[PDB]
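The structure appears right after this line, and notes come after that.
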Amino acid sequence: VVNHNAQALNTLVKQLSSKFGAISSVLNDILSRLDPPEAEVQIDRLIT
Amino acid sequence: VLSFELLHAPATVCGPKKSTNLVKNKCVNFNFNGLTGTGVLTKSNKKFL
Amino acid sequence: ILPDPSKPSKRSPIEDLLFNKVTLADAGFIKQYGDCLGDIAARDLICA
Amino acid sequence: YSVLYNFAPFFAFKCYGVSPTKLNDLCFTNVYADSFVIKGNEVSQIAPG
């Protein structure tokens, strides 16, 4: 039970490093590198 | 064409040179070579190559 | 199976064995903020 | 990259990895510029994939 909870949490954290088809997996870099009209698409991909 | 590599390497070109004196043990926003983010910066005892 | 007065946690030897036989990565009642900043090698998975 | 605009009568300024508006703020590891002369109708041909 403990290992199941820990591994579920670990996979949840590791999902933050996936690009999800966007340019990058970190929000700050893409927000500072893309104009907001274009960055809407990448932020939306990260959101979903 | 203009090609760049936005990857985790020591940046050689940095654009307009703006430097603010680094503070420690305080909640600040850091922009080290485009590494935008927020946090508390404390000196570390790692073994960076 | 009865509590041991000598033990400071007031737990039976069997209870102590069961507690020591489970590796709780995140016990919860630790209030980890205060030691995450003080890391010498790398932040733990719990800290992340 | 403020000196970009006055150096040419721009016809196509499409950027893929980074918007040209916020281009001075970033830091690039290396910068490579490739120069060539191409025809008119083939400006779409010079593009990824």
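Chains as they are written, first to last, in the entry's author numbering: chain B, 951 to 998; chain L, 512 to 560; chain F, 805 to 852; chain U, 365 to 413.
Ideal Cβ positions, reconstructed from N, Cα and C, are used throughout, including at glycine.
Notebook entry, point to check: Among B/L962, B/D979, B/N978 and B/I973, which has the Cα closest to the Cα of B/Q992?
Noted result: B/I973
Margin query: For B/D985, would you say it is in contact with chain L, using Cβ-to-Cβ distances shorter than 8 Å as the test?
Written below: no
Note to self: Spatial neighbours of B/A989 within its chain, please: C-beta separation below 7 Å, excluding the five flanking residues on both sides.
What the structure shows: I980 and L981
Margin query: Pop quiz: L/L517 and U/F392 are said to be a contact at Cβ under 8 Å. What is the actual Cβ separation, rounded to whole angstroms?
Written below: 7 Å
Check: Is the Cβ-Cβ distance between L/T531 and B/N978 less than 8 Å?
Finding: no
Check: According to the Cβ coordinates, are B/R983 and U/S399 closer than 8 Å?
Finding: no
Next item on the list: Determine the burial state of B/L996: buried for a count of at least 16 other Cβ atoms within 10 Å of its Cβ, exposed for fewer.
Entry: buried
Next item on the list: Note down, in chain order, each residue of its chain lying with its Cβ closer than 7 Å to the Cβ of F/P817, except the 5 sequence neighbours on either side.
Entry: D808
Next item on the list: Report the partner residues of U/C379 according to the DSSP bridge assignment.
Entry: None, per the DSSP bridge assignment.
Margin query: Closer than 8 Å between beta carbons: that is the criterion. Which residues of the segment 524-541 of chain L meet it against chain F?
Written below: none
Next item on the list: Taking 8 Å as the cut-off, decide whether the C-beta atoms of L/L513 and U/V407 are in contact.
Entry: no
Check: Would you say B/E990 faces chain U, with C-beta separation under 8 Å as the test?
Finding: no
Next item on the list: Verify whether the separation of the beta carbon atoms of L/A522 and L/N542 is less than 8 Å.
Entry: no
Margin query: Looking only at its chain, what residues have a beta carbon closer than 7 Å to the beta carbon of U/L387, apart from the 5 residues adjacent to it on each side?
Written below: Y365
Checklist line | Where U/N388 falls: helix, strand or coil (DSSP) | finding: coil
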